Q: 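Dropping the structure in here first, questions after.
For the single chain, residues carry numbers from 1 onward in sequence order. Counting starts at 1 for both ligands and their atoms, following the listed order.
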Amino acid sequence: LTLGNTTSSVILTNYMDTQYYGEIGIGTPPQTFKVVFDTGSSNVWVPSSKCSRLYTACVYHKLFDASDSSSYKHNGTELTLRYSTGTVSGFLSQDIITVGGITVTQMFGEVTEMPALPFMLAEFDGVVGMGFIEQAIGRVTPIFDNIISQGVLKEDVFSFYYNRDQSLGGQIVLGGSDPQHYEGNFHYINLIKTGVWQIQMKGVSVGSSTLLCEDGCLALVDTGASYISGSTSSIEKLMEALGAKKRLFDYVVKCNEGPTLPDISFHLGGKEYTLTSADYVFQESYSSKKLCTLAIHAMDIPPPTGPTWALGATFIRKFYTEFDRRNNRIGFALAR
Ligand SMILES: CCOC[C@@H](CC(C)C)NC(=O)[C@@H]1CNC[C@H](C(=O)N(c2ccc(C(C)C)cn2)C2CC2)[C@@H]1O
Ligand SMILES: *[C@@H]1O[C@H](CO)[C@@H](O)[C@H](O)[C@H]1NC(C)=O
């Protein structure tokens, strides 16, 4: 590992508190794409001009045209990326990617199959996986590993700031942290193992009692996830305690009850990470005649990573997060 004296920041747009995306340039001249930076995955992909227009998501998104890039290098190996929310399929290509001023030669997926559900709901075009090579489909070197290889970054770390919505939507710092977006000190939690941004969780409290994860559990710290998620079983118990009602894809409370809900605490490392109802309820009205969604849902993550909780944007909004590759740990500080 070679270290430089450079930090690079990526400005993010906050779409409805669920999607936080930045811009990347691909090829020569650059073709620009809106992308989510996801610590829960390790591949880079954007939709391809080779995507049949029968996929309406390809009609509505920006497409990479290899035929317009003089720096493109063919590969063609088939790739399928199976996310918990949906799947994309396509093939590998190589080109120059610009992210926050840094330019890097990167192998990425050109997606030719992009299902209308959920991708018609994506404000972003593609994803930049911020995970480790161990989780990369096709053993493709992830972009942060390629950026580290350049020996320009001051530190082998990257940090996320997600705003709560003229205001900055969010910010990723490659090579450091931005003290303008946090306060107090970082408290670090070591990874269970290298290869996954996952830490041990010692308990989940709903009110003053630890009713969940009593004997310990896992927490994936997932920047690409919109919500906090737990297994169906853990979430059924959490929601029972909140008095929330299960719907198809989410949980709801009567809008008037939203401000009465208890605090939820996540026991990580030596500290309690507390969210008040204002942090996890999408409070759209105070009406006793309307239902308000919660920013916590059930998601059964399969083994070897799962069963696990995932601390997505709901969590990161309250806690500025540093992902430390040099020391295999995650730091949290109160977001400012
Ligand atoms: C196979 C490569 O994936 C690895 C896998 C491992 C996990 C389960 C531990 N990784 C994952 O499953 C991802 C982990 N991080 C959140 C991601 C996400 O939710 N996405 C998402 C967000 C919004 C929408 C909208 C269109 C509403 C669609 N997708 C984006 C990455 C696509 C995926 O769940
Ligand atoms: C695609 O990249 C892999 C990885 O190095 C390589 O082994 C393979 O030969 C490439 N395929 C083509 C056709 O370029």
Q: Could you verify whether a donor N or O on one side chain and an acceptor N or O on the other, from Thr210 and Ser205, lie under 3.5 Å apart?
A: yes
Q: Assess whether atom OH of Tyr286 is packed by more than 12 heavy atoms of other residues, nucleotides or ligands within 6.0 Å.
A: no
Q: Would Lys318 and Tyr273 count as a side chain to side chain contact (heavy atoms under 4.5 Å, CB included) if you check the C-alpha gap in whole Å, the side-chain angles of each, and the deciding distance to 0.1 Å?
A: CA-CA 9 Å; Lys318 179 111 173 188; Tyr273 291 85; over 6 Å; no
Q: Any nitrogen or oxygen of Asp38, side chain or backbone, less than 3.5 Å from one on ligand 1?
A: yes
Q: Is it the case that ligand 1 has an N or O less than 3.5 angstrom from some N or O of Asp222?
A: yes
Q: How far is atom 19 (O) of ligand 1 from its nearest protein heavy atom, and which residue and atom name does that atom have?
A: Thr85 CG2, 3.2 Å
Q: Collect the protein residues that have a non-hydrogen atom under 4.0 Å from ligand 2 and hand them over in chain and number order.
A: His74, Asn75, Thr77
Q: Which residue and atom name correspond to the protein heavy atom nearest atom 6 (C) of ligand 1, and how close is it?
A: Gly40 O, 3.7 Å
Q: What I want to know is whether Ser84 and ligand 1 share at least one N or O pair that is separated by under 3.5 angstrom.
A: yes
Q: Among protein heavy atoms, which sits nearest to atom 8 (C) of ligand 1, and what does the distance come to when rounded to 0.1 Å?
A: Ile301 CG2, 3.8 Å
Q: Among protein heavy atoms, which lies nearest atom 33 (C) of ligand 1, and at what distance?
A: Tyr83 CD2, 3.6 Å
Q: Just to check, does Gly86 reach to within less than 4.0 Å of ligand 1 when the distance is taken from its heavy atoms?
A: no
Q: What is the closest protein heavy atom to atom 22 (C) of ligand 1, and at what distance does it sit?
A: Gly224 O, 3.9 Å
Q: Using distance alone, with no hydrogens and no angle criterion, decide if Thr223 and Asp38 have a side-chain donor and acceptor under 3.5 Å apart.
A: no
Q: With sequence neighbours left out, what residues match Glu183 under salt bridge (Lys or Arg N to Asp or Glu O under 4.0 Å)?
A: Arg336
Q: Does the side chain of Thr293 come within less than 4.5 Å of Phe249's, by heavy atoms?
A: no
Q: Heavy-atom count check: over 12 atoms from other residues, nucleotides or ligands less than 6.0 Å from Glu272 CD?
A: yes
